[PDB]
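What follows is the content of start-v9.cif, which has mmCIF, C-alpha atoms and all ligand atoms:
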```
data_entry
#
loop_
_atom_site.label_atom_id
_atom_site.label_comp_id
_atom_site.auth_asym_id
_atom_site.auth_seq_id
_atom_site.Cartn_x
_atom_site.Cartn_y
_atom_site.Cartn_z
CA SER A 1 -88.87 -32.18 18.41
CA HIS A 2 -86.69 -32.14 15.31
CA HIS A 3 -82.96 -31.45 15.30
CA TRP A 4 -80.25 -32.14 12.76
CA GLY A 5 -78.10 -35.16 13.45
CA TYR A 6 -76.90 -38.40 11.91
CA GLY A 7 -79.93 -40.69 12.30
CA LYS A 8 -82.47 -42.05 9.84
CA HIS A 9 -84.82 -39.10 10.27
CA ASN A 10 -82.39 -36.20 10.69
CA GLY A 11 -79.15 -37.19 8.96
CA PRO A 12 -77.22 -35.53 6.13
CA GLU A 13 -79.86 -36.19 3.46
CA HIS A 14 -82.34 -34.08 5.49
CA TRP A 15 -80.12 -31.12 6.37
CA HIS A 16 -81.05 -29.09 3.27
CA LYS A 17 -84.56 -28.54 4.70
CA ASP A 18 -83.08 -26.54 7.61
CA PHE A 19 -79.90 -25.31 5.84
CA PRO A 20 -80.51 -24.89 2.09
CA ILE A 21 -76.79 -24.27 1.45
CA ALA A 22 -76.43 -28.04 1.93
CA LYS A 23 -77.07 -28.18 -1.85
CA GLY A 24 -74.65 -25.35 -2.60
CA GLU A 25 -71.70 -25.10 -4.95
CA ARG A 26 -68.86 -25.37 -2.42
CA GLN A 27 -69.94 -28.14 -0.05
CA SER A 28 -67.68 -30.50 1.89
CA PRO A 29 -66.50 -33.18 2.22
CA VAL A 30 -65.56 -34.44 -1.24
CA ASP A 31 -63.86 -37.48 -2.68
CA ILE A 32 -60.21 -36.74 -3.48
CA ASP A 33 -59.53 -38.42 -6.81
CA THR A 34 -55.75 -38.66 -6.80
CA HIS A 35 -55.63 -38.92 -10.61
CA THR A 36 -57.51 -35.65 -11.05
CA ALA A 37 -55.78 -33.58 -8.37
CA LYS A 38 -52.95 -31.56 -9.85
CA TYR A 39 -49.56 -30.91 -8.30
CA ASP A 40 -49.11 -27.16 -7.91
CA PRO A 41 -45.46 -26.08 -7.53
CA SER A 42 -46.58 -22.64 -6.33
CA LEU A 43 -48.01 -24.13 -3.11
CA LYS A 44 -45.83 -23.55 -0.08
CA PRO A 45 -45.00 -25.93 2.75
CA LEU A 46 -47.58 -25.81 5.49
CA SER A 47 -46.36 -23.90 8.55
CA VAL A 48 -47.83 -25.32 11.77
CA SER A 49 -46.95 -23.14 14.81
CA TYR A 50 -48.56 -24.86 17.80
CA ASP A 51 -45.75 -24.53 20.38
CA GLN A 52 -47.71 -21.93 22.41
CA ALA A 53 -51.14 -23.58 22.10
CA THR A 54 -53.42 -23.23 25.14
CA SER A 55 -56.21 -25.78 25.24
CA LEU A 56 -59.02 -24.96 27.65
CA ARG A 57 -61.88 -27.42 27.70
CA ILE A 58 -63.41 -30.44 26.02
CA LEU A 59 -67.15 -30.43 25.22
CA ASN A 60 -69.61 -33.11 24.09
CA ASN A 61 -71.90 -31.01 21.88
CA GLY A 62 -74.31 -33.82 20.97
CA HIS A 63 -72.66 -34.35 17.57
CA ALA A 64 -68.95 -34.83 18.37
CA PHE A 65 -66.55 -33.59 21.01
CA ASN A 66 -64.63 -30.33 20.63
CA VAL A 67 -61.29 -29.54 22.24
CA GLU A 68 -61.31 -25.76 22.57
CA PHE A 69 -58.35 -23.39 22.50
CA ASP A 70 -57.60 -19.85 23.60
CA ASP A 71 -57.75 -17.91 20.32
CA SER A 72 -57.32 -14.43 21.83
CA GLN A 73 -53.73 -14.22 20.51
CA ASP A 74 -51.59 -15.88 17.81
CA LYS A 75 -50.71 -18.82 20.09
CA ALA A 76 -51.47 -21.69 17.71
CA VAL A 77 -51.58 -20.74 14.06
CA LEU A 78 -51.46 -22.13 10.55
CA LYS A 79 -49.61 -20.18 7.83
CA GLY A 80 -48.17 -20.98 4.45
CA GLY A 81 -49.48 -23.86 2.44
CA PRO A 82 -52.24 -22.44 0.21
CA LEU A 83 -53.02 -19.67 2.68
CA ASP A 84 -52.47 -15.93 2.66
CA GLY A 85 -52.06 -14.61 6.17
CA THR A 86 -52.50 -16.19 9.55
CA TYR A 87 -55.19 -18.56 10.77
CA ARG A 88 -55.72 -19.14 14.51
CA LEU A 89 -56.71 -22.50 15.98
CA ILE A 90 -60.07 -22.35 17.76
CA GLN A 91 -60.98 -26.04 18.21
CA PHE A 92 -60.48 -29.54 16.95
CA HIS A 93 -62.91 -32.44 16.71
CA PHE A 94 -63.27 -35.80 14.98
CA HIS A 95 -65.75 -37.73 12.88
CA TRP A 96 -65.81 -41.52 13.18
CA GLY A 97 -67.72 -44.66 12.32
CA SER A 98 -69.44 -47.57 14.00
CA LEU A 99 -66.97 -49.91 12.25
CA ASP A 100 -63.36 -49.43 11.13
CA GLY A 101 -64.34 -49.37 7.42
CA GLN A 102 -66.12 -46.02 7.63
CA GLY A 103 -65.98 -42.78 9.58
CA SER A 104 -64.01 -40.31 7.49
CA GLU A 105 -65.73 -37.46 5.67
CA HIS A 106 -63.22 -36.95 2.90
CA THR A 107 -62.36 -40.07 0.93
CA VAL A 108 -59.27 -40.81 -1.17
CA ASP A 109 -60.04 -42.65 -4.41
CA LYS A 110 -63.31 -43.62 -2.66
CA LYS A 111 -61.45 -45.10 0.32
CA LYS A 112 -63.04 -44.38 3.70
CA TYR A 113 -60.82 -44.15 6.76
CA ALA A 114 -61.92 -45.09 10.29
CA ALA A 115 -62.06 -41.45 11.39
CA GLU A 116 -61.02 -37.93 10.46
CA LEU A 117 -59.60 -35.14 12.63
CA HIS A 118 -60.47 -31.50 11.87
CA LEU A 119 -58.34 -28.70 13.31
CA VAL A 120 -60.40 -25.55 12.74
CA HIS A 121 -58.69 -22.16 12.28
CA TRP A 122 -59.99 -18.67 11.46
CA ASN A 123 -58.36 -15.91 9.43
CA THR A 124 -57.10 -13.22 11.80
CA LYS A 125 -57.81 -10.43 9.33
CA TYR A 126 -61.50 -10.84 10.26
CA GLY A 127 -60.96 -10.40 13.99
CA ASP A 128 -63.19 -13.20 15.36
CA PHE A 129 -64.58 -16.58 14.30
CA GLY A 130 -68.11 -15.23 13.87
CA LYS A 131 -66.99 -12.61 11.37
CA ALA A 132 -64.67 -15.09 9.65
CA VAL A 133 -67.64 -17.36 8.82
CA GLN A 134 -69.12 -14.55 6.76
CA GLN A 135 -66.14 -14.62 4.36
CA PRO A 136 -65.08 -16.91 1.50
CA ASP A 137 -61.54 -17.12 2.95
CA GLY A 138 -62.59 -17.05 6.59
CA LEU A 139 -61.49 -20.50 7.76
CA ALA A 140 -58.77 -23.08 7.23
CA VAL A 141 -59.43 -26.64 8.34
CA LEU A 142 -56.55 -29.10 8.60
CA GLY A 143 -57.96 -32.58 8.00
CA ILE A 144 -56.09 -35.70 9.09
CA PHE A 145 -57.23 -39.26 8.41
CA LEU A 146 -57.15 -41.95 11.10
CA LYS A 147 -56.52 -45.62 10.36
CA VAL A 148 -56.57 -48.40 12.95
CA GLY A 149 -53.18 -49.91 13.73
CA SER A 150 -50.70 -48.91 16.41
CA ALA A 151 -51.79 -46.50 19.13
CA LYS A 152 -51.25 -42.75 18.82
CA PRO A 153 -49.64 -41.72 22.14
CA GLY A 154 -50.60 -38.07 21.74
CA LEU A 155 -54.26 -39.05 21.45
CA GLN A 156 -54.42 -40.96 24.73
CA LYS A 157 -55.14 -37.94 26.94
CA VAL A 158 -58.21 -37.25 24.80
CA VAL A 159 -59.35 -40.88 25.02
CA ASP A 160 -59.03 -40.95 28.78
CA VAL A 161 -61.18 -37.85 29.40
CA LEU A 162 -64.11 -39.12 27.33
CA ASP A 163 -65.70 -40.96 30.29
CA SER A 164 -66.22 -37.56 31.91
CA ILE A 165 -68.10 -36.05 28.94
CA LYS A 166 -70.23 -39.03 28.02
CA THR A 167 -73.43 -37.15 27.18
CA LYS A 168 -74.55 -34.04 25.30
CA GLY A 169 -73.74 -30.81 27.10
CA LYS A 170 -71.03 -32.19 29.39
CA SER A 171 -67.65 -30.49 29.42
CA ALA A 172 -64.41 -30.92 31.33
CA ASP A 173 -61.31 -28.86 31.92
CA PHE A 174 -58.75 -29.89 29.34
CA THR A 175 -55.63 -27.76 29.68
CA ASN A 176 -52.10 -28.32 28.44
CA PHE A 177 -53.05 -30.54 25.52
CA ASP A 178 -50.50 -30.41 22.72
CA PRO A 179 -52.10 -30.87 19.28
CA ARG A 180 -48.70 -31.56 17.70
CA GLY A 181 -49.11 -35.09 19.07
CA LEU A 182 -51.94 -35.65 16.55
CA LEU A 183 -49.87 -34.94 13.40
CA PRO A 184 -48.40 -37.54 11.04
CA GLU A 185 -44.77 -37.38 9.95
CA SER A 186 -45.37 -35.70 6.57
CA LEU A 187 -47.20 -32.41 6.06
CA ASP A 188 -47.84 -33.06 2.35
CA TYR A 189 -51.44 -32.14 1.53
CA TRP A 190 -54.31 -31.69 -0.88
CA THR A 191 -56.27 -28.42 -0.85
CA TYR A 192 -59.59 -27.21 -2.22
CA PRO A 193 -62.27 -24.60 -1.35
CA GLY A 194 -65.20 -25.98 0.64
CA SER A 195 -67.46 -25.69 3.64
CA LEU A 196 -68.11 -26.68 7.20
CA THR A 197 -69.37 -30.28 7.22
CA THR A 198 -72.02 -29.76 9.89
CA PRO A 199 -74.86 -27.22 9.96
CA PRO A 200 -74.75 -24.33 9.25
CA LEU A 201 -72.56 -25.76 6.40
CA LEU A 202 -71.04 -22.35 5.68
CA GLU A 203 -68.88 -22.08 2.55
CA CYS A 204 -65.90 -20.38 4.20
CA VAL A 205 -63.21 -23.08 4.35
CA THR A 206 -59.86 -23.58 2.67
CA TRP A 207 -59.48 -27.32 3.21
CA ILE A 208 -55.97 -28.70 3.77
CA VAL A 209 -56.17 -32.52 3.91
CA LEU A 210 -52.96 -34.34 4.80
CA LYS A 211 -51.87 -37.17 2.53
CA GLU A 212 -50.53 -39.37 5.35
CA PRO A 213 -52.99 -40.82 7.90
CA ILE A 214 -52.19 -41.20 11.56
CA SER A 215 -52.49 -44.62 13.16
CA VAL A 216 -54.64 -45.07 16.28
CA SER A 217 -55.37 -48.29 18.11
CA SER A 218 -58.64 -50.19 18.03
CA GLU A 219 -59.01 -49.46 21.75
CA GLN A 220 -58.65 -45.72 21.15
CA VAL A 221 -61.38 -45.56 18.51
CA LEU A 222 -63.54 -47.96 20.56
CA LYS A 223 -63.59 -45.32 23.30
CA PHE A 224 -64.85 -42.70 20.83
CA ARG A 225 -67.74 -45.07 20.07
CA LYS A 226 -68.79 -45.21 23.74
CA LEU A 227 -69.75 -41.54 23.77
CA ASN A 228 -73.45 -40.65 23.57
CA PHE A 229 -75.37 -38.27 21.30
CA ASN A 230 -78.13 -38.01 23.94
CA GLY A 231 -78.16 -35.97 27.13
CA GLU A 232 -77.92 -37.40 30.63
CA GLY A 233 -81.16 -39.05 31.70
CA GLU A 234 -82.31 -39.70 28.12
CA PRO A 235 -82.09 -43.10 26.40
CA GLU A 236 -78.60 -44.02 25.26
CA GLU A 237 -77.78 -43.42 21.59
CA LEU A 238 -74.16 -44.19 20.81
CA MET A 239 -72.17 -41.40 19.16
CA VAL A 240 -71.08 -43.26 16.03
CA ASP A 241 -71.26 -42.52 12.29
CA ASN A 242 -71.15 -38.75 12.82
CA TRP A 243 -69.80 -38.17 9.30
CA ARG A 244 -71.27 -36.49 6.24
CA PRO A 245 -70.68 -38.36 2.96
CA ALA A 246 -68.88 -36.89 -0.03
CA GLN A 247 -70.68 -34.08 -1.84
CA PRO A 248 -70.53 -33.00 -5.51
CA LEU A 249 -67.23 -31.41 -6.47
CA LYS A 250 -68.93 -29.13 -9.02
CA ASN A 251 -66.61 -26.44 -10.50
CA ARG A 252 -63.71 -27.02 -8.04
CA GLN A 253 -60.06 -27.99 -8.34
CA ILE A 254 -58.17 -30.10 -5.82
CA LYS A 255 -54.46 -29.27 -5.79
CA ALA A 256 -51.60 -31.37 -4.39
CA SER A 257 -48.51 -30.02 -2.65
CA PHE A 258 -46.55 -33.11 -3.71
CA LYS A 259 -46.05 -35.33 -6.75
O1 LIG A 301 -66.32 -27.92 11.22
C1 LIG A 301 -67.62 -27.75 11.26
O2 LIG A 301 -68.40 -28.42 10.59
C2 LIG A 301 -68.08 -26.65 12.15
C3 LIG A 301 -69.44 -26.34 12.28
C4 LIG A 301 -69.85 -25.30 13.09
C5 LIG A 301 -68.93 -24.54 13.76
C6 LIG A 301 -67.58 -24.82 13.66
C7 LIG A 301 -67.14 -25.87 12.86
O3 LIG A 301 -65.81 -26.11 12.76
ZN ZN A 302 -65.49 -31.71 11.18
#
```

Represent the supplied structure as C-alpha cells.
Amino acid sequence: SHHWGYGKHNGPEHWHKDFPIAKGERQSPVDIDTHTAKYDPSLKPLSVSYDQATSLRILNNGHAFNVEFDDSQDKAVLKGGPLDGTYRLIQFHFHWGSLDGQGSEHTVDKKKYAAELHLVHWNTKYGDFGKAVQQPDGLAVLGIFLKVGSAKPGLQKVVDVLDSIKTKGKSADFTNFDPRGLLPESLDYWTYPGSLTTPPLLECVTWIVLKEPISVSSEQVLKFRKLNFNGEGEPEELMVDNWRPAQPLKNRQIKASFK
C-alpha cells in the first residue's frame, strides 16, 4: 500500500496529496538567509532547564528514531528566548543524509549540514501534546545542526543503542539520557513561526534554531545510516535522507538573538 516517506514515490513532493497543509503558509523547514534575518534586541536568552529530564525509551518509527521523555511534570523545559510561558520536552529525533553534504532540514545561506537534531516541546498552558498541536503557539522545537568532525561524547549512548532498534516498530528502554550533552557551547539562535516537518505538518511550532552546530564523528553518523525504514522480515531499506527540503518563507520574518 501507500504510505508517506522519503522515497521516489512517497517523498516530500507527494505529501500534499495526503496532507494538504503541506502547501500552507507556515511550513517548515526554511532556508535561513543570514542577511535577511533581523537582530531583535527584545528577544531573551534561551532558558534550557534539563537537569531533571527523565528519558524513557527509544523508538524506530519507520521515519527516524525518537528518544521519549516523561512529560507529566515540568522536568525538562524550555523558557525564555522568543517564548511566553513554559514548554515541556516530549521527545527528540534527528534528520540525516546518505552523505555528509546533506541531511539537515533548515539550511543557512543555502548550506546543508550533515544532520539536524529536533528537541520537541509543548506549551504547558494546553495541558497535553495533542491539544497543543491544535494551537498556533502549541509547540517549540529547538533545532541544532550537526557537522562531521570530532565526536560528540554525549551522543554516543544514542549511537550504541541503535543496533537494538534497527527496524520499524522496535523500541528499547533508554533511561537516564541527558540531553544537555547534545547542546553546543552557544545558545544564540534564529527564530520564526513554522510547522512540524513530517506529516501531519501541523503549523504549531515556534522554531528556535541554534547558530552554532555540534560536531559529531563520521562513525557516529555512519551508525545512523545503518538503521532501516522497513520492518523486520521485510527487504532492507536504509534509513537515510529522511529530511524535508526548504519550503517557501511566504509572509514570515526570521529574527536573530545575536548580531
Ligand atoms: O517534528 C515533527 O515533524 C513531528 C511530527 C509528528 C509528531 C511530532 C513531531 O515532533
Ligand atoms: Zn524533525

Q.
List as a PyMOL selection string the protein and nucleic acid residues near residue A:125, meaning an atom at most 12 Å away when only C-alpha atoms are counted, but skip any in the same chain fewer than 6 places from it.
A. chain A and resi 74+84-88+131-132+135+137-139

Q) From the list A:15, A:129, A:6, A:96, which residue is nearest ligand LIG 301 (chain A) when using only C-alpha atoms and all ligand atoms? A)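 Selected residue with least distance to ligand LIG 301 (chain A): A:129.
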
Enumerate, in order of chain and increasing residue number, the residues of chain A with an atom no farther than 8 Å from ligand LIG 301 (chain A), each with its shortest atom pair and distance in Å to one decimal, counting only C-alpha atoms and all ligand atoms, as JSON lines.
```
{"residue": "A:91", "atom": "CA", "partner": "A:LIG301", "partner_atom": "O3", "distance": 7.3}
{"residue": "A:92", "atom": "CA", "partner": "A:LIG301", "partner_atom": "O3", "distance": 7.6}
{"residue": "A:93", "atom": "CA", "partner": "A:LIG301", "partner_atom": "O1", "distance": 7.9}
{"residue": "A:118", "atom": "CA", "partner": "A:LIG301", "partner_atom": "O1", "distance": 6.9}
{"residue": "A:119", "atom": "CA", "partner": "A:LIG301", "partner_atom": "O3", "distance": 7.9}
{"residue": "A:120", "atom": "CA", "partner": "A:LIG301", "partner_atom": "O3", "distance": 5.4}
{"residue": "A:141", "atom": "CA", "partner": "A:LIG301", "partner_atom": "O1", "distance": 7.6}
{"residue": "A:195", "atom": "CA", "partner": "A:LIG301", "partner_atom": "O2", "distance": 7.5}
{"residue": "A:196", "atom": "CA", "partner": "A:LIG301", "partner_atom": "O2", "distance": 3.8}
{"residue": "A:197", "atom": "CA", "partner": "A:LIG301", "partner_atom": "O2", "distance": 4.0}
{"residue": "A:198", "atom": "CA", "partner": "A:LIG301", "partner_atom": "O2", "distance": 3.9}
{"residue": "A:199", "atom": "CA", "partner": "A:LIG301", "partner_atom": "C3", "distance": 6.0}
{"residue": "A:200", "atom": "CA", "partner": "A:LIG301", "partner_atom": "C4", "distance": 6.3}
{"residue": "A:201", "atom": "CA", "partner": "A:LIG301", "partner_atom": "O2", "distance": 6.5}
{"residue": "A:202", "atom": "CA", "partner": "A:LIG301", "partner_atom": "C3", "distance": 7.9}
```

Q) In Å, with one decimal, what is the gap from atom CA of residue A:232 to atom CA of residue A:56? A)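 Computing it gives 22.8 Å between the two atoms.
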
Q. Which one of A:140, A:48, A:22, A:76 sits closest to ligand ZN 302 (chain A) if you count only C-alpha atoms and all ligand atoms?
A.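 Of A:140, A:48, A:22, A:76, the one nearest ligand ZN 302 (chain A) is A:140, counting only C-alpha atoms and all ligand atoms.
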
Pull the neighbourhood of (-57.1, -50.7, 8.2) for me: all residues within 12 Å in file coordinates, counting all atoms listed in the file, as a PDB file with C-alpha atoms, in the frame of the given file.
```pdb
ATOM      1  CA  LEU A  99     -66.970 -49.910  12.250  1.00  0.00           C
ATOM      2  CA  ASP A 100     -63.360 -49.430  11.130  1.00  0.00           C
ATOM      3  CA  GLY A 101     -64.340 -49.370   7.420  1.00  0.00           C
ATOM      4  CA  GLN A 102     -66.120 -46.020   7.630  1.00  0.00           C
ATOM      5  CA  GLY A 103     -65.980 -42.780   9.580  1.00  0.00           C
ATOM      6  CA  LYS A 111     -61.450 -45.100   0.320  1.00  0.00           C
ATOM      7  CA  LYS A 112     -63.040 -44.380   3.700  1.00  0.00           C
ATOM      8  CA  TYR A 113     -60.820 -44.150   6.760  1.00  0.00           C
ATOM      9  CA  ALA A 114     -61.920 -45.090  10.290  1.00  0.00           C
ATOM     10  CA  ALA A 115     -62.060 -41.450  11.390  1.00  0.00           C
ATOM     11  CA  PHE A 145     -57.230 -39.260   8.410  1.00  0.00           C
ATOM     12  CA  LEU A 146     -57.150 -41.950  11.100  1.00  0.00           C
ATOM     13  CA  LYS A 147     -56.520 -45.620  10.360  1.00  0.00           C
ATOM     14  CA  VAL A 148     -56.570 -48.400  12.950  1.00  0.00           C
ATOM     15  CA  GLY A 149     -53.180 -49.910  13.730  1.00  0.00           C
ATOM     16  CA  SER A 150     -50.700 -48.910  16.410  1.00  0.00           C
ATOM     17  CA  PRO A 213     -52.990 -40.820   7.900  1.00  0.00           C
ATOM     18  CA  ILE A 214     -52.190 -41.200  11.560  1.00  0.00           C
ATOM     19  CA  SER A 215     -52.490 -44.620  13.160  1.00  0.00           C
ATOM     20  CA  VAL A 216     -54.640 -45.070  16.280  1.00  0.00           C
ATOM     21  CA  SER A 217     -55.370 -48.290  18.110  1.00  0.00           C
ATOM     22  CA  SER A 218     -58.640 -50.190  18.030  1.00  0.00           C
TER      23      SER A 218
END
```

Q | Close residues, residue A:156 itself excluded, 12 Å, all atoms listed in the file, min 5 positions apart in chain, as a list in words | A | residues 151, 161, 162, 177, 178, 179, 181, 182, 216, 217, 219, 220, 221, 223 and 224 of chain A

Around all the atoms of stretch 112-130 of chain A listed in the file, with 6 Å of room on each side, what axis-aligned box do you get, giving centre and edge lengths in Å to one decimal, as AutoDock Vina command-line options?
```
--center_x -62.6 --center_y -27.7 --center_z 9.5 --size_x 23.0 --size_y 46.7 --size_z 23.7
```

Where atoms are absent from stretch 94-128 of chain A, fill them in so it carries N, CA and C atoms, then output it as a compact mmCIF listing (two decimals), in the frame of the given file.
```txt
# COMPACT_ATOMS: atom_id res chain seq x y z
N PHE A 94 -63.36 -34.65 15.87
CA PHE A 94 -63.27 -35.80 14.98
C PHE A 94 -64.65 -36.19 14.47
N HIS A 95 -64.62 -36.97 13.39
CA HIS A 95 -65.75 -37.73 12.88
C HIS A 95 -65.31 -39.18 12.80
N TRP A 96 -66.20 -40.12 13.14
CA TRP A 96 -65.81 -41.52 13.18
C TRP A 96 -67.01 -42.42 12.92
N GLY A 97 -66.71 -43.70 12.71
CA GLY A 97 -67.72 -44.66 12.32
C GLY A 97 -68.09 -45.61 13.45
N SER A 98 -69.08 -46.46 13.13
CA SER A 98 -69.44 -47.57 14.00
C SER A 98 -68.55 -48.78 13.79
N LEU A 99 -67.83 -48.82 12.67
CA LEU A 99 -66.97 -49.91 12.25
C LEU A 99 -65.72 -49.27 11.63
N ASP A 100 -64.62 -50.03 11.60
CA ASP A 100 -63.36 -49.43 11.13
C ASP A 100 -63.38 -49.05 9.65
N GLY A 101 -64.27 -49.63 8.85
CA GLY A 101 -64.34 -49.37 7.42
C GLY A 101 -65.07 -48.11 7.02
N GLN A 102 -65.53 -47.30 7.97
CA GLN A 102 -66.12 -46.02 7.63
C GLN A 102 -65.94 -45.07 8.81
N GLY A 103 -66.13 -43.78 8.54
CA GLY A 103 -65.98 -42.78 9.58
C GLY A 103 -65.40 -41.48 9.05
N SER A 104 -64.53 -41.54 8.03
CA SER A 104 -64.01 -40.31 7.49
C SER A 104 -65.07 -39.60 6.65
N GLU A 105 -64.86 -38.30 6.49
CA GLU A 105 -65.73 -37.46 5.67
C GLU A 105 -65.14 -37.35 4.27
N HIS A 106 -63.94 -36.81 4.15
CA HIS A 106 -63.22 -36.95 2.90
C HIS A 106 -62.90 -38.42 2.66
N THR A 107 -62.81 -38.77 1.38
CA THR A 107 -62.36 -40.07 0.93
C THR A 107 -61.23 -39.85 -0.07
N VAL A 108 -60.41 -40.88 -0.26
CA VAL A 108 -59.27 -40.81 -1.17
C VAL A 108 -59.44 -41.95 -2.15
N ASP A 109 -59.71 -41.62 -3.42
CA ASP A 109 -60.04 -42.65 -4.41
C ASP A 109 -61.13 -43.57 -3.87
N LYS A 110 -62.14 -42.97 -3.25
CA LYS A 110 -63.31 -43.62 -2.66
C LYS A 110 -63.02 -44.36 -1.36
N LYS A 111 -61.77 -44.43 -0.93
CA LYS A 111 -61.45 -45.10 0.32
C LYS A 111 -61.93 -44.28 1.51
N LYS A 112 -62.64 -44.94 2.42
CA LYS A 112 -63.04 -44.38 3.70
C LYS A 112 -62.04 -44.80 4.76
N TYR A 113 -61.61 -43.85 5.58
CA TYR A 113 -60.82 -44.15 6.76
C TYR A 113 -61.73 -44.34 7.98
N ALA A 114 -61.15 -44.83 9.08
CA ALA A 114 -61.92 -45.09 10.29
C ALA A 114 -62.39 -43.81 10.96
N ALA A 115 -61.69 -42.71 10.76
CA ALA A 115 -62.06 -41.45 11.39
C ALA A 115 -61.30 -40.34 10.69
N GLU A 116 -61.66 -39.11 11.04
CA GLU A 116 -61.02 -37.93 10.46
C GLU A 116 -61.01 -36.84 11.52
N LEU A 117 -59.84 -36.25 11.72
CA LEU A 117 -59.60 -35.14 12.63
C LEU A 117 -59.65 -33.83 11.86
N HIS A 118 -60.37 -32.85 12.42
CA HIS A 118 -60.47 -31.50 11.87
C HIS A 118 -59.96 -30.50 12.89
N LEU A 119 -58.86 -29.81 12.54
CA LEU A 119 -58.34 -28.70 13.31
C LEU A 119 -58.81 -27.42 12.62
N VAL A 120 -59.67 -26.68 13.31
CA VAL A 120 -60.40 -25.55 12.74
C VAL A 120 -59.71 -24.24 13.11
N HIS A 121 -59.40 -23.42 12.10
CA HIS A 121 -58.69 -22.16 12.28
C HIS A 121 -59.43 -21.05 11.55
N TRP A 122 -59.37 -19.83 12.09
CA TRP A 122 -59.99 -18.67 11.46
C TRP A 122 -58.97 -17.59 11.10
N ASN A 123 -59.26 -16.89 10.01
CA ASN A 123 -58.36 -15.91 9.43
C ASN A 123 -58.33 -14.65 10.29
N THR A 124 -57.16 -14.31 10.83
CA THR A 124 -57.10 -13.22 11.80
C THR A 124 -57.44 -11.86 11.20
N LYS A 125 -57.44 -11.72 9.87
CA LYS A 125 -57.81 -10.43 9.33
C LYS A 125 -59.28 -10.11 9.52
N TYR A 126 -60.09 -11.08 9.96
CA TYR A 126 -61.50 -10.84 10.26
C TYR A 126 -61.79 -10.72 11.75
N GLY A 127 -60.79 -10.82 12.61
CA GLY A 127 -60.96 -10.40 13.99
C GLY A 127 -61.56 -11.41 14.95
N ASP A 128 -62.60 -12.15 14.53
CA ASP A 128 -63.19 -13.20 15.36
C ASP A 128 -63.79 -14.28 14.46
```
